[PDB]
Structures are given as structure tokens and as C-alpha cells.
Amino acid sequence: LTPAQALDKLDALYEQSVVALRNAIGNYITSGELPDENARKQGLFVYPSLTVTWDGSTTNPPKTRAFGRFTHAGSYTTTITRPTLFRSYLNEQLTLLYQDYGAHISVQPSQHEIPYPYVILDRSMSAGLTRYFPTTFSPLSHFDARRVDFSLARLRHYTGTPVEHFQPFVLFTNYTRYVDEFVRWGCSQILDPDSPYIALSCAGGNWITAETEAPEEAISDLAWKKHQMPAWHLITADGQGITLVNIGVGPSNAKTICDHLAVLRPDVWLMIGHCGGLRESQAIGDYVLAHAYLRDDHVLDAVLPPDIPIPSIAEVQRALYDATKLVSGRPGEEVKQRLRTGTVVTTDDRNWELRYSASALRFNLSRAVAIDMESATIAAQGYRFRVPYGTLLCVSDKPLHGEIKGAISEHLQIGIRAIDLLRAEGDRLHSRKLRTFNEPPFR
Amino acid sequence: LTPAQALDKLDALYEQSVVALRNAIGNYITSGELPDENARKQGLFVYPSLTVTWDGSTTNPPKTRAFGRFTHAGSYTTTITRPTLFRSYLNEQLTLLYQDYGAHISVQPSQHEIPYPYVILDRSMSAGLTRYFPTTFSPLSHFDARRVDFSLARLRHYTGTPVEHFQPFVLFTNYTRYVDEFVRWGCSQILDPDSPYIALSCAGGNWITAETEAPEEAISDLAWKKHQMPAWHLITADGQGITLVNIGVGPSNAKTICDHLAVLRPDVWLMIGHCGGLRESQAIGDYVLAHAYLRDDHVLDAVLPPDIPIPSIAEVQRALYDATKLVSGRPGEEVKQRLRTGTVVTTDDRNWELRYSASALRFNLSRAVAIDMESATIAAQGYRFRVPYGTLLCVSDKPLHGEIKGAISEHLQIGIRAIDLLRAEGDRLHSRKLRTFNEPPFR
Amino acid sequence: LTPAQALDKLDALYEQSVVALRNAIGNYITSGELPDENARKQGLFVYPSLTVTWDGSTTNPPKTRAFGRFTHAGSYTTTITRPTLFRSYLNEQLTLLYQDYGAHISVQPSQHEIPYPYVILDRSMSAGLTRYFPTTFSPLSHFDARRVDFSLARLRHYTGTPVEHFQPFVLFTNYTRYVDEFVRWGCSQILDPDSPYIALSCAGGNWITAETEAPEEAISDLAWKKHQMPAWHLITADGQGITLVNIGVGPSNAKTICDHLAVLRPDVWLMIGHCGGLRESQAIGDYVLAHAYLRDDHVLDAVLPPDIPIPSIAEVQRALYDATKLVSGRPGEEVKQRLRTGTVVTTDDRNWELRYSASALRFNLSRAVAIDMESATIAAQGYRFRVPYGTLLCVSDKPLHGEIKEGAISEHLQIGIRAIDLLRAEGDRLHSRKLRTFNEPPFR
Ligand SMILES: Nc1ncnc2c([C@@H]3O[C@H](COP(=O)(O)O)[C@@H](O)[C@H]3O)n[nH]c12
Ligand SMILES: Nc1ncnc2c([C@@H]3O[C@H](COP(=O)(O)O)[C@@H](O)[C@H]3O)n[nH]c12
Ligand SMILES: Nc1ncnc2c([C@@H]3O[C@H](COP(=O)(O)O)[C@@H](O)[C@H]3O)n[nH]c12
């Protein structure tokens, strides 16, 4: 069975089950009719199952590639959802295993039923539905159908945007003004015929395009009230645009959003936000490129102990560095005056200043250069879900030197230019630094 | 007071006290005569004291330099030992503060007496000596006279080498064969009139030079029997040679040697040794460039908690990388097949294999690429003492894939070439990644 | 089946499999030929299996013996390797269970194949070998064939000595000069016709005997360069000599060496080395007999938590004490002036002095008397592997009293040797129940 064939059968089996489930739900709601146990046990409401086998024999397999590899011979399977949404991804991944290892692809109904909430009111019916309907050999991919549907639903909820509009290159900010600037620059790019950017999905619903009646409707103020972490997508025909998510504040929220965004398998996400500068030689407006993180955020301690080192992705580091040279003033070694590369402390205690003594030893021990509340969490999540990551913050205050609580446009530009550099980079973006011993074949 | 003047007064006060102490000791040994309390209380056996003051006013001070900087106005002092041995260092450091800040230098006797053992019997004398003789602002430097004398004495003991022969660029190895190769290459370089290398200090005493009668006396086999960590110095006229220390095995020993070597203020130390490859795609003989460390060595947990991130020094990382391209085969992106960049696990349990299950979770969580017993320790110590560091290991076995327990020359060459690249690098070697908030002015 | 019979069948089955494996390896290397799955599944490359059963019925079994006992009825099994090397041991152990409990012995092929590396080319073969060949009830013994072969190979590597030269009485030292003194005394004993010592296996290869051409070749200086922990064996006809291992420095190394030496089932191992004296009344050259250890070595925390008490073996303690009286002058309570019995601190931080304050509280809390870097580790390992242990250190410095870093070396080593003698004559009184676990394997 081939890639194109596998995709088509997945679409078929999936479409069939969702329709069969929607059908049964309608029947129950109108005539209190229930589905037959036999049909269900036969895959009536089941997710498609994708299996890929490898015999182990191959001339010279990709020993250096970061993804799309086999660590051993055997069968790798996974339930699948929304094949259309994941068409590109699934195609590309299956193609790599097909052409580089001559793997045996096969599709068939799984043993897992689709929870009815994902195929769609009242509350009395809620009692019956949950009673008679579905509610809530190595891994071929990181997440299974259940986990993916779970996160897609949630993404829309926190983002106020359809998941089909998310681009592979993500930018995260903890400062509102950045989206204003992003949207402005975005609309501007859409009007330029030479720019690949043809649309702008906005949190709330707005869909700005070149044929739009007064693109002022871009930023809906009501967006921040109904969505915890509003997103904005600058789309391109080939889906290689830029997504910007205003994550808000705190490690808790940073963890939450990454938990979901991870299922879309981004190519990279960068943290472009504010931070407090801890060094006297630092000036408000300066940049900090994190080369390491002092994880005082707690939120991920249980799944990733604080002593597990979270490294820097060299490719992303150069990108941020180079992009900073270009956009910010003249290049050379002069950047040093405006850019500091060092360790960033991420805390879950905004008011850490009320306890400086207790913190001072840590800052000193870590040679801390800046402090924020999202960096380490985003980076750690990137690391956990094999999503290249990077952090370039901008000093907005100097807590330790009597300057507690513009460069916005420039800062955002550095982020965007970095994206550009990484996009052209092609596959050099992905390395083996994030690969696990039991790494799934799919990227 | 000027740099040259300060150095001269330091030499004087120091020379005087050591002679005065040596004198008093001889008098006691021969005639049981004791020193007079008044003279001592007047600085008879005291170390010289170096004080540097800064008013705070200066046009535009070095805001980007890694060392020789003032974080605030005030006086910085420190006791000093062996001014001749530290002549270059002290001169350079004082010149920087003198010319860039117009700092006020001053020398005077301290309140600290030189422990008699450092200026050099039955149980009867030792009893008297320790009874009647000395026994064992902001800081201007990292270590004080007592701490420095303590380490110099120890360095000679573990190394079997005079401290005056140590060079600024250090190489560490946990494999004996590396010194054989190093000495061979070393003697070879001494015979070449175009090579800056003019001498080779050897563990045990040997001093090979171009005018030597059969330089076969180089490696004294008795060296490993009388010295725990034998060193070899390839010296140059300007003292910019290469020092190689065979550290032996274990985190304990790695910690010990660095504790002392740190007082000589090296420019950099690289770990060039063996390790176990943890990945199936790794082949014996491949190289591992550490970008992070999983500190399971324990030995430094109390002074530097395992959650404090130990970063990579970019400059050292590139030098190790480039040096690997040059020396090892052809350049390009092909290095990837021979070189893996990733996280190294340093353990204090050589037989960790006897407990794979317990370890496996850690290896996986850290994306471990290799495992040794000294790396993280050496790097952590470098970090602690502000000594740029780096690690480039060579896979000598594959514990997880059966194969358990020429390239040596190549490996060593990579280390040496890296040193060369860093030496030419000049000051770009030192960055601010290791600076503390209360960083002493002296490098 | 009887002891002698079991030994013979073990030798047979083992010899057969090793030869069968060596054969298959040769075939692959020369003709790329692979073994047949059926033969292997039939015990072609398999280790012998030793099983001992007990019905539970017996007049009056040894209720006080430290080893060779049954806690309950049932079958006890274990894979076995190098039956020749372990002939004495295996025979003695099987004899005890046979005659004291009338146990049912039986030998047969196991389900475990011998990893090819233990029966010993190039690099392009390593890939194939590891692909087509074997790579790297209740237990009858502490270690199985896999674990034993693993350690034997390693012992030779760290020691620079063939495993069959190791004696039951082991001495550990962290000071080079002790081997010089040991070898000297050793050669001397070999020349004396009244001494049971007939040979001296040396690290590196040398095999000194009475018929040797200038026994100066004893200590090969190159030994410390090619072997991390050089050993020296003073052998006797009945293999009851003394083995000396120069372990070097650190808890890591102390742990490593004991991990391997334990499979040879020593009768005892003593730590005879230097330490720092922490008491003002202590004089350089004094002795310290450890009655307890403050484990600040870390290296064994995971498998043996620091709060599990590591006790002193009374028999070993008396031997060390008496030996000290004899060798170090006259007996009586006059030893007190030269010998202090107390708690020893074992750390993995040689430069602990750089943090005295942080340590002071601990030293004080434990009534610490000395500090070193190997004792607690050696002792803990002995405890873990049921190998009687003891520590008698010699103060080489006084870190806390201005005396920071030999005739006494010879005396110290003599105390160690005399202690061994006392323990050797002690017979079985050496082994007690203080090290027995609830699920203790029948074999010593
Ligand atoms: N001195 C400081 N301490 C902690 N967090 C921050 C920040 C960042 O700014 C945000 C905090 O916002 P407020 O400064 O409005 O409380 C956080 O998302 C955090 O990443 N800037 N300066 C900081
Ligand atoms: N699989 C492994 N596990 C732990 N350490 C090592 C080493 C290294 O090898 C040395 C240990 O030597 P041996 O392999 O001779 O015991 C240590 O210095 C350590 O850094 N190589 N392979 C290793
Ligand atoms: N004051 C002290 N602190 C720690 N270890 C030791 C030792 C022992 O001496 C050895 C250390 O050697 P060096 O004293 O040459 O560094 C270790 O094996 C250790 O057991 N002697 N004195 C010591």
C-alpha cells in the first residue's frame, strides 16, 4: 500500500465513522433510537488505524536525519484523526518511510471509538448520550487520535481560531502590544503582491485578505475577553506562514498552550517577550538570548525533573543571533552592547522581589542574566515534544537597580527574521538533540 | 602607585616574609629559639596585601569585557602569594584597572601569616613548630594567598611537576595512551625550529629540550606510581603552551585536580577522553561534543545543586567543532556521521550497567548521548571557577549494544587544534557567561 | 546425583558449550556461516544449570552455621560458569547441603546462552557477531554465570592478573609504598622453606618463584600505567595465600573493584590504608580501628540507603585488635595510646577542608575519629556481598590541627597480615550470621 493510497483510505474510514456517529446521535435525539452493539464492535464509530512495518534490511538508511527513522525492525501503529487536516504531514512522513526504508504501509479500523463530543443544546440528553455513546507494535507517532482530538478542541477554545489556520512557525509573546504590531505588519504584507502572505486569521473570527473591506476589523478588542490566549495567523498558499500566540502570563498557561500546540507538530516556536534584566550593565531595551534556563517554574517538575538539562538548539540560536545583527543596528561584534547571551530564570512568583535574599543565591549560582515567567516552560515543552525552540527576550525593567515596572517593532522583526532564516534553513532546523531512545518514526 | 611599582613592592614584602619565616624556623630547629610576638604582630610573617580602589567616575568603561571590570565604586583587596610566579597575570590585571578606570593601587602587609609548611623532622619538632609557628571591602580576586599556597603545594604533589611550568591551555584525559602520543608529538615539535615549543616538563622531573641527550627519558614509567595525576607541559617562550594532565578516573579526582588548577587561572581546559556510546547509530571511535550534562556525579551537589544549569561556552564549542572538521576527514555537513552533539551523563558508578532499568529512565529523559565519569565534573568546576571549558569525548564502547568491555592520535589532534583556534581567538575566548553578580575584578 | 558427579557434569556441559560457541564463531569469521536455530534452542551455547532440592525433613540441621543452610523446603537453582575455577567452592558448598540435609542435586542445560565475548578479530565483524550471536525456584548462589563471567573479565583488566591466582584473604591499600613492602616481604617468604608461600603473581605478568632468576623483576613500574588497580598474590599450595590490591583513590573505584572481587567469594577483605586524623590527641602514625562508618561517599546510596546501619564483624575486629597488640609492641591497655577505635568518615570530596564549617556538624554528630575515601565503601560492599570486612587505618595527617600533607608502613602492613593469619586459623568462626539476608542463598 502506498502513501497516497493510505491517505485516501484513512479519509474514507474516518469520514465514514464520523458520519455514522453523527447519524446515530441524530437518531437518538429524535427517536430515542440506540445503535446496535454488533455494528459498533465492527468498527462503526472507530478511528482509522495506520500501521507501518520495517523488515530491517536497507542499503544505507538515514543515520543522521532527526526524524522519519527506524531504531529497529517491527511494526509501528497509531490511531488517526482528521486525515484531511494532517494530509501534508501524514503524506510527507509516510513518504520518507516508504522511499527510504521501503516500509509496508497498511490502514484498517482500530479498536478505539471516537468520543461523540468531537463530531458535533441541552443537559437531560447529556445523561443518555454519555450512557449509550462513546465518551472520554510500537507507537508510530507521538500522539494518538484521542490525544490529538482533545488538543484540537482545546486549541480553538484558548485561541479563538480554527486549527486549520495554524502555521508551522510559531511566535509566543507575553505583551499585548506585540499583536498590534504583528497585525499591522501582517495586513501590510498582504497588500504587497510580492509577499507570500495572502491571509490573516484573527482571534474571534475575522478573516482579512487582499479583497477586504477596510482591514481595520483585524484586532477585535473582544478577543482578549473571550479567549485566554488569542492567536493570529499570517497564512501563505503553501501553509508556511507565521502564527503568533499571545500566551498571557505564568508557567501554568505556558504549559497549557504548548501541551495542545504540540499535536500540530510545529517546525519551531520562539519566545519573544519581556523580561527583567538582572545585570547593572543592562539597559532597558536590550536583548537577552537564553543559552540555558534556571527552572524555578515548578509546573513541569513532576514530568521533567529540574536537574534534567534543557539545552539550546544551535540552529535556532544562530538564527536568533543573526536576525538580531541584521535588524538591530550594524552587525559585527558590536551586538554585544545590545545583546547579552546567558541564563534566564523562569519563576512562578512574579513578586520574587519581596524575597530577594532567598533568590540572590540562586541568581548568582546560575549566573542569571534575566528573569521572566514563561521561557523555561516553553523551552522545556519544546524539548519534551521535540519541537525546536528558542528564546529572545527584551529587558523591560531592572528590578535590582531601581527601575522596576518602542523596541517592540524591532523585537518582533528579529523574531520574524529569525523565522525567515529558519524557514530557508530547510531541514537543518531539525537535529537529533531532541530525539529519545524510543523516538517514534514520525517527526 | 603603578602596576610595575605594585609588582615590585609585592615581590619585596613577600620575599622578606618568607625569608623571615625560614630564618625563624632554622633558629628554632638549631637553638630552640622562638620569634618575638611584637615583630610578628608587625608583619614579620605576613603576606603582602594588594588593594585597588575606584571612585566610580569614568568616560565610557568596558561594558562588554568579560573580566577586569568594576561593578561598583569602592575598594577591592586580597592577600597575595608568589608574586613572581603570578607576575604576568598580576601585571595584566592591574594594568587593565589602571588604564581603563584610573584605579588607585596600593600595597601593604596583610594581617595574615604565611603557614610555615609553604616556605619549605621527627614528631618532636612538628609538635613545637605547630605550637609556636603559623600553621594552616570586596574581594579583588577569586582566591586569597592562603588558598593559593594551599593549591600550589597540592598541584605539585598530584602532578609531579613544578607549578611554574603549567601553561594556560589545559587538556584532560582519562586514558594513559594519550600522554604517550602527546609526549611523542611534543618532542617532535621541540626539534622543529619553526615550532614555538621549546621545552617539555615531565611528571617526575625530566626536562626535555632541543639540547637533550636522547629524549627517550620523556615518559618515566615510575610517574604513575608516585603521582596520582601526572602532568606534562609543552612550554613556549611566552608561556602559552599546552598542559596535559592525566586525571585518572572518577568525579572525586576530577573535582580535586580542578580545585587546585583553578588558582593558576587557566585560559581554558578541555576534556579529551573516552566514554561509552549510548546510541545504536554510534560506532566505536566516533566523537561526542557535549552540549549539556546530566550530573549524576554527586560530588558537587552540595556547592552547586544539580538543578543549576551548566551551559556550553559557544566559543569553545565552535573551536571543538571546527577542529573536528579540519583534523577528522573532510569538512562539510558530513561530520555528522562521525560527530554527535548532545547530552553527556557523568556518573560516579562505573558499573551503572548492573542497574540499567533504574538508569534507563534518566538516559531517556535527558536524551543522553554518552556516559563517562569526569566530564560534568570538569565542566561544573570550570563553571564554578570561571574557567572556560569544553568536552569532546571519543566512544570507546557500546554498553547497551553488546560491544562492551590511531583514533587516539586524531582525537588528541582535535584537542590540540581546538587549543590553537582558541589561542588565536585572543580574548573572544572569555565571555560573560560565567560572570557572577559579585564577580571579582581580576579574571 | 552426588557432589563429585555434579561437578563433572557441570565441567562437561560447560566445556561443550564454550567449544560449540568458539567453533560457531570461527565458522562465521572464515565462511560467514551461521549457527542453526534448532541447535541453540537445544542448549548449544547454554550455561550449565545447578539445582538443589530439599524436602524439609532432617533430624537437627545446622541452626547456627552462617552459610550452607536452608530457610525452607523447595528447589534452589542457578546458572554456572567456569566450574574448574570454582571447583573447590562448588564442591564444598554442595557437600554441605548433601551431607547435612541430604539434598537432591541435579545438573542440566539452562535457558541462558553464554555471551560470545566471554569465550575468546576486526571491526566489520562486530556488527555481524552481535547480530547472529549471544551478546552482552530460588537462587542457589549470589551471582549467576553471566554476572560472574562479566566480573572475571573485568578483574583481569583492572588488576593485570589472572583470576585463578586470587587468594581468599584480601588486603586493600590506597598507598603505593605498601605494595613495595608487600612484595619484599613476599619474595622473602618464598625463599624460606618453612613458609607456605611458594609463588608471587605480579600485576603485569611476572610469576616469581623460588626458582627465579633475580626476583628483582617483581614490581613492574609499568604496572600502574596499564592497570587502574594492580594486584599481587602471595600463593600457597592449598590456595590460602594473601592477595593485595592497590585500589587507588575514591569511593567510585572502591565500589568498582569490590563489585568484581565479590564473585570470587573471598573469605575476608581488610582495608589497610592512610586516613586523616580528626582528634587533637592523635599523632601521625597512630592507628584507627573503625567500629562504624559515616557514609558520605554517595556512590552506594541508591542500592543501600545511608540510614541502613553497616555493623562491625566482631571476629574481624578482634583479629585486627589482637594483631595490633602483637606487632605494635606489647599488649595490654597500652595499645590505647597508639590505637583509637571509633567512627570513620568516608567522603567523596578530598578537599572537604575547603568547607570545614559545613562538615564540622557531621563530624561532631558522628563522633568521627578519622576521615578517608574508601573505608565505608569497601565495608558497605562487603556487607552487601556477604564478605566479612574490616578497616584498620593509619593516620597520615591531621587536617584540623595544622599538619596537612616509613617504618610505620611495614608495621601497618604486618598488622594486616597478622590479622589475616589469626582469621585464617580461626577457621569457620570467621563467617557469622551478621551478614545473612532473609532470602539468603544456600551457597556461601
Ligand atoms: N521583573 C520581572 N520578574 C518576573 N517576570 C517579569 C516579566 C515578564 O513580564 C510579565 C509580567 O507582567 P507584569 O510586569 O505586568 O506583571 C511576565 O509574563 C514575565 O514573563 N518582566 N519583568 C519581570
Ligand atoms: N560505559 C562506561 N561507563 C562509565 N564510564 C565509562 C568510561 C570512562 O572510562 C573510564 C573508566 O575506565 P574502565 O572502562 O577501564 O573502567 C572513566 O574515566 C570514564 O570516564 N568509558 N566507558 C564508560
Ligand atoms: N585528610 C584526608 N581527607 C580525605 N582523605 C584522606 C586520606 C586518604 O588518602 C588518600 C588521598 O590521597 P592524597 O592525600 O595523596 O590526596 C585517599 O585514598 C583517602 O582514603 N588521607 N588523608 C585524608
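Residues numbered from 1 in each chain as written, not as in the entry; some residues may be left out. Chains lettered and ligands numbered in written order. Part of a larger assembly, values for the part shown. Heavy atoms only, no water.

The record names X-ray crystallography as the way this model was obtained, at a resolution of 2.60 Å.

Asks: When you look at the overall build of chain A in this model, what are you seeing that I'm missing?
Replies: Scanning chain A from terminus to terminus reveals 12 helices and 15 strands. Overall, the C-alpha framework of chain A stretches about 75 × 55 × 50 Å when taken along its three principal axes. Taken across its 443 residues, chain A has 56% of its residues classed as buried. Each charge class in chain A was averaged separately, 44 positive and 48 negative side chains, and the resulting centres sit 6 Å apart. (Helix = DSSP H or I, 4+ residues; strand = E, 2+ residues; numbered from the N terminus. Buried < 20%, exposed > 50% of the residue type's maximum accessible area, 1.4 Å probe, protein only. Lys, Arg positive; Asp, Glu negative; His and termini not counted. Charge placed at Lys NZ, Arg CZ, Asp CG, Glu CD.)

Asks: Can you walk me through the interface of chain B and chain C in this structure?
Replies: Taken together, the contacts link 43 residues of chain B with 40 residues of chain C. Approximately 3600 Å² of surface area, both sides summed, lies buried where chain B meets chain C, with 52% of it carried by carbon and sulfur atoms. Sorting the residues of chain B by area buried against chain C places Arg-154, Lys-225 and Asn-351 of chain B first, and these three jointly supply 17% of that buried surface. For the interface between chain B and chain C, the tally reads 6 salt bridges. (Contact = heavy atoms within 4.5 Å. Buried area = accessible area lost by both parts, 1.4 Å probe. Salt bridge = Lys/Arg side-chain N within 4 Å of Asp/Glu carboxyl O.)

Asks: How do you make sense of the pairing of strand β11 (residues 274–277) of chain B when you look at a structure like this?
Replies: In summary, the side chains of a regular strand alternate between the two faces of the sheet. Residue and element names in this part refer to chain B. Of the pairings in the sheet, the one linking β11 to strand β15 (residues 389–397) comprises 3 bridges and is parallel in character. Bridging across to β15, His-274 finds its partner in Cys-394. Here β11 runs beside strand β14 (residues 368–372); their pairing, made up of 2 bridges, is antiparallel. Along β14, the bridge assignment pairs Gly-276 with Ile-371. (Pairing = 2+ DSSP bridges.)

Asks: Before we go on, may I ask you to explain the site of ligand 1 in this structure?
Replies: All names here are of chain A. Residues in close proximity to ligand 1 total 16 residues, the closest being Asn-174, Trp-352, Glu-374, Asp-397 and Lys-405. Note that a nitrogen atom of ligand 1 is positioned 3.4 Å from one of the backbone N or O atoms of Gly-276. In this structure, a nitrogen atom belonging to ligand 1 sits 2.7 Å away from a side-chain N or O atom of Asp-397. For the shell around ligand 1, the elements supplying multiple residues, two or more each, are β11 (274–277), β14 (368–372) and β15 (389–397). If you tally residues by element for the shell around ligand 1, the top one is β11, at 3 residues. Residues that form the shell around ligand 1 fall into these classes: 6 nonpolar, 4 polar and 6 charged. (Near = heavy atom within 4 Å. Polar contact = N/O pair within 3.5 Å; in protein donor to acceptor, adjacent residues only side chain to side chain. Nonpolar A, V, L, I, M, F, W, Y, C, P; charged D, E, K, R; others polar.)

Asks: Can you help me understand the relation of the copies chain A and chain B in this one?
Replies: The second copy of the chain is related to the first by a rotation about an axis and a shift along the axis. Expressed as a screw transformation, the operator carrying chain A onto chain B has a rotation angle of 180° and an axial translation of 0.0 Å, and the superposed copies differ by an RMSD of 0.3 Å. When the rotation and shift are considered jointly, the pair of chain copies conforms to a two-fold rotation axis. If distances are taken from each C-alpha of chain A to the rotation axis, the shortest is found for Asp-307 of chain A, at 2.0 Å. A high fraction, 100%, of the interface residues of chain A reappear at the interface in chain B, so the copies pair face to face through one surface. (Least-squares fit on C-alpha atoms.)

Asks: What should I look at first to understand the site of ligand 3 in this one?
Replies: Surrounding ligand 3, one finds 18 residues, the nearest of these being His-157 and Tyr-158 of chain B together with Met-373, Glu-374 and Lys-405 of chain C. Among the chains of the assembly, those with residues near ligand 3 are chains B and C. A distance of 2.6 Å separates an oxygen atom of ligand 3 from a polar atom in the side chain of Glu-374 of chain C. Interatomic distance of 2.9 Å between a side-chain N/O atom of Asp-397 of chain C and a nitrogen atom of ligand 3. About the coverage of ligand 3: the protein hides 94% of its 490 Å² of free accessible area. Sorting elements by how many residues they give to the shell around ligand 3 places strand β11 (residues 274–277) of chain C first, with 3 residues. Here the shell around ligand 3 is built from residues that sort into 7 nonpolar, 5 polar and 6 charged. (Areas by Shrake-Rupley, 256 points an atom, 1.4 Å probe, with all protein chains shown as cover.)

Asks: I would appreciate a short explanation of the nonpolar core in the present structure.
Replies: Across soluble globular proteins, nonpolar side chains have a tendency to be buried as a group. Core analysis: the biggest nonpolar cluster contains 223 residues, and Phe-172 and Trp-269 of chain B together with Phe-172 and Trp-269 of chain C have the highest contact counts within it. Ignoring any residue separated from it by four or fewer positions in sequence, one finds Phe-172 of chain B in contact with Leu-244, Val-245, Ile-247, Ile-257, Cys-258, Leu-261, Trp-269, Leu-270, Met-271, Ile-272, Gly-273 and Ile-378 of chain B. With 115 residues, the next largest nonpolar core counts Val-163, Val-263 and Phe-442 of chain A together with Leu-365 of chain B among its residues. (Core = buried A, V, L, I, M, F, W, Y, C linked by side-chain atoms within 4.5 Å.)

Asks: What exactly am I supposed to notice about unusual backbone geometry here?
Replies: Peptide bonds are, in most cases, trans, and in most cases residues other than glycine have a negative phi. Located in the positive-phi region is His-298 of chain A, a residue other than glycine, with phi close to 65°. Relative to the assigned elements, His-298 of chain A resides in the loop between β12 (287–296) and α9 (314–327). Even without being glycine, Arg-386 of chain C reaches a positive phi, approximately 50°.

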